[PDB]
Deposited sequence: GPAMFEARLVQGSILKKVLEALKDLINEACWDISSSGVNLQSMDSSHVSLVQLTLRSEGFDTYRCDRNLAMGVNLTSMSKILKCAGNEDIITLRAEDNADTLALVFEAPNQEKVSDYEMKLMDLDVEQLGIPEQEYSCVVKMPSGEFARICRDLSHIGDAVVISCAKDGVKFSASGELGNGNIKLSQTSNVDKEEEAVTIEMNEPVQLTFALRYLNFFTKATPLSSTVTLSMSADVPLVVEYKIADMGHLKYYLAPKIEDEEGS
């Protein structure tokens, strides 16, 4: 029997929105440490890895590991039926055929509760190595969201370049080309590079516009680049975990 209570259920609502359009079905690795998801998209150009730690939940009790196969469209529909101030509670039992969700509005009169069928999945899990990165930018998520959306009208691939003065996003297409340069500043909506060596990777813009649907989870996004390694787009989830998107360069 697994039962986790999270007062700020909006987090769980926001998480499904970030994922549902990129990956359709995924396995939810429940454990005594917390929740973990990892999956590739169907092209396997990108990978998303989710971490919710048991310390973040207001109440957590997991007696044995479960690997719940979820349809993320189906789960998103159920989370839609939850107000953004609802205290969400998850609950399953070890012979897992259904996952139970319980929404309570914090005025105490309304109590929804749903029940979602699982499915059979086999995760092609992957090994994510520990490594320092050549360049790590930490900028506002709003702006990074607009950079990627805007440049996608010029061309379908971004060139992101990085030096200790500022970072610059560029792209090209049939109609022309354009660049965007942002510098470091002088906390919340600021830009700070922790740079070690210059980098000039490019990434397909299609995917980062899926990634940036995670913007409601944090004011800040952090980028991580080295040559010939996958880029890491990181949205922290406050005092609880993170959501990491991995994007393979082209070369």
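Could you sort out which parts of the deposited sequence are absent from the coordinates (no C-alpha) and give them as ranges from 1?
Comparing the full sequence with the modelled residues, the uncovered ranges come out as 1-3, 190-193, 259-264.
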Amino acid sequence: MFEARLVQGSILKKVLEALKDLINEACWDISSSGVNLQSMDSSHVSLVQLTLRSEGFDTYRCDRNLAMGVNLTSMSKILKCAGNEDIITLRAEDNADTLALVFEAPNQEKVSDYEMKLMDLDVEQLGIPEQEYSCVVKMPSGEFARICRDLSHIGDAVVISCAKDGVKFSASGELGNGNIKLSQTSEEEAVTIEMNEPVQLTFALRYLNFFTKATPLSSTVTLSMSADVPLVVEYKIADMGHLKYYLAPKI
From here on, numbers count along this sequence of modelled residues.
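Out of 102-110 and 68-76, which one has CA B-factors that are higher on average in the deposited record?
In the deposited entry, the stretch with the higher C-alpha B-factor mean is 102-110.
As stated in the PDB record, which stretch has the larger average Cα B-factor, 166-174 or 77-85?
On average, C-alpha B-factors are higher across 166-174.
Out of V221, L208, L50, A190, which shows the largest CA B-factor listed in the entry?
That would be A190.
If I read the C-alpha B-factors straight from the PDB entry, which of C62, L37, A214, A204 is highest?
Out of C62, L37, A214, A204, the record gives the largest C-alpha B-factor to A204.
Within this chain, which third does the Cα B-factor at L151 fall in: lowest, middle or highest?
For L151, whose C-alpha B-factor we compare with every modelled residue in the chain, the answer is the lowest third.
Please place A145 in the lowest, middle or highest third of its chain by C-alpha B factor as given in the entry.
Lowest third of the chain for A145's C-alpha B-factor.
Considering only modelled residues of the same chain, in which third does the CA B-factor of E234 rank: lowest, middle or highest?
Lowest third of the chain for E234's C-alpha B-factor.
Relative to the other modelled residues in the chain, which third contains the C-alpha temperature factor of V159: lowest, middle or highest?
Within its chain, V159 is a middle-third residue by C-alpha B-factor, going by the deposited values.
Ordered by C-alpha B-factor within the chain, which third holds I11? Give me lowest, middle or highest, please.
CA B-factor rank for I11: middle third.
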